[PDB]
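Asker: to kick things off, part of the complex as it is:
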Amino acid sequence: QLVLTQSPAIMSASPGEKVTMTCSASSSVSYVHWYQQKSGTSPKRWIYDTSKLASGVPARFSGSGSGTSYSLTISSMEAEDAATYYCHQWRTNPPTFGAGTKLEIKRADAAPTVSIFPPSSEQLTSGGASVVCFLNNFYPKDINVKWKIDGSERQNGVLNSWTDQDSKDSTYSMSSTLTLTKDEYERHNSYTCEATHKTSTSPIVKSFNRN
């Protein structure tokens, strides 16, 4: 088959900044199509026949290229354009898509608002004890979290989940859930959430004691 490679895989850009993303073909083709996709929705035909813009797409967008080199360009980035973009070829059977270029929007950095939550007495009476830690509103996405019990580190038994770039403030968030049973939580008292982000060298720390 014929392979398509898009670059960059992921990128950021500020409002008004010009953006360009490439689509390379393993062998010479004659045209490609570009599809925009936002989270939880279907792909939309964005650009087709290399240069033709679909109905209702802003004039900011454009496309060019030939042979094996193709590109999509945005003259002035806006928050509306934060999405993933796939290129598409059908010069030979079967057609193929690129891995995609996830286009995120750039903003000023921000420290995560941290909050810890102990296991609810409801969950306790069900034979479980999950302690939650919300790391809300931070930029960029890269972050690390670690749980400590009375000062002692605990790895695994932990799950983390990152949200996509928030559409209102362009920030990110992550949840960290240390899941135990009941008596496993009944041994020790102090439970501490420690978060490390690019913004500061000192970690953001929230904690509680059982009593």
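Answerer: Now that the structure is in, tell me what you want to look at. Numbers count the residues shown, from 1 in each chain, chains lettered A, B, ... in the order given.

Asker: domains in chain A, by residue range?
Answerer: Annotated domains of chain A cover A:2-107, A:108-210 [curated CATH domains].

Asker: redo these as JSON lines? Include mean neighbour count.
Answerer: No exception for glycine: its C-beta is placed from N, CA and C like everyone else's. Shown next, in JSON lines, are the domains of chain A (neighbours: other CB atoms under 10 Å):
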{"stretch": "domain A:2-107", "mean neighbour count": "16"}
{"stretch": "domain A:108-210", "mean neighbour count": "15"}
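
Asker: relative to residue A:14, how far out is the spatially most central residue of chain A?
Answerer: Nearest residue to the geometric centre of chain A (CA atoms, centre = their mean): residue A:164, 4.5 Å. Distance, residue A:164 to residue A:14, using CB to CB, to the nearest Å: 18 Å.

Asker: wait, is residue A:132 part of a strand?
Answerer: Yes: remark: residue A:132 belongs to a strand, assigned using DSSP: H, G, I helix; E, B strand; the rest coil.

Asker: that one and residue A:114 touch, don't they?
Answerer: No: using CB atoms under 8 Å, residue A:132 makes no contact with residue A:114, being 11.2 Å away.

Asker: any shared contact partners between those two?
Answerer: With contacts defined as CB atoms under 8 Å, 6 or more residues apart in numbering, no residue is shared by residue A:132 and residue A:114.

Asker: okay, now chain B:
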Amino acid sequence: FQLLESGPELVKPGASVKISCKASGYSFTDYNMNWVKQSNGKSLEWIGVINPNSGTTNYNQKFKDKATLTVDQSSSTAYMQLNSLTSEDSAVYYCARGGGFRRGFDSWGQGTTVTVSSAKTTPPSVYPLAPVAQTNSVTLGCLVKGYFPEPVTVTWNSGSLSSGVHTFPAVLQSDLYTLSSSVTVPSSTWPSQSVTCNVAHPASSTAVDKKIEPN
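Answerer: Chain B goes in next, on the same frame as the chains above:
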């Protein structure tokens, strides 16, 4: 011009499934129908294409004996049948209208999420997340754990028009999904005004409400 696909499906491994794609607003027989697979939100894989007028098919060699494309000209409906299903086949499948040479896929259905697993449908267990520090705002949450399959819908109802809400994608633990949702409201509103998280799990036909309480 719009395409509607059948709803989500939970199926046992080895069984089969049949997805529908109801076209409307255009001459169904004049435009080919392509099918695309999107696994866990990453890349797109082209399955096959069918000519609704003549009924001739063209499959991707990777999907010869995995997908079967058919069409009903009477009800202007395209069909894709998947057989011998495994966990690898669990994904979102789209039907896209072939707009013609040098036009690409100019219309896409909303997609259908298929889940191939042995786990049974289970309703969620919801747990409140309330603080046991004093600051400017207050963040609350609800933990959704032990449900299957995806998805769930958490909707918060507070006495405040500002609602910094965050929905955290579900992660699979112990063969059951787990989700968390957070909300940030002004301190002067809670607990002076009721805050509730409404977790809806249509697969099990269960809606659970949790009123957040101080500690």
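
Asker: the residue nearest to the centre of chain A contacts residue A:41, doesn't it?
Answerer: No: between residue A:164 and residue A:41 there is no contact under CB under 8 Å: 12.0 Å.

Asker: related to what we said a few turns ago, how about the residue nearest to the centre of chain A, nearest residue that isn't a chain neighbour?
Answerer: Leaving out its chain neighbours, the residue that sits closest to residue A:164 by CB to CB, 6 or more residues apart in numbering or on different chains is residue A:39, at 5.1 Å.

Asker: how about that neighbour, secondary structure?
Answerer: With three-state DSSP as the basis, residue A:39 sits in coil.

Asker: likewise the one 3 residues further on?
Answerer: In three-state terms, and counting by three-state DSSP, residue A:42 is coil.

Asker: leaving out chain neighbours, which residue sits closest to the residue nearest the centre of chain B?
Answerer: Among the residues of chain B, the one closest to the centroid is residue B:113, at 5.2 Å (CA atoms, centre = their mean). Leaving aside its sequence neighbours, residue B:113 sits nearest to residue B:8 (CB to CB, 6+ apart; 4.4 Å).

Asker: try residue A:36
Answerer: Of all residues not flanking residue A:36 in the chain, residue A:46 sits nearest, at 4.3 Å (CB to CB, 6+ apart).
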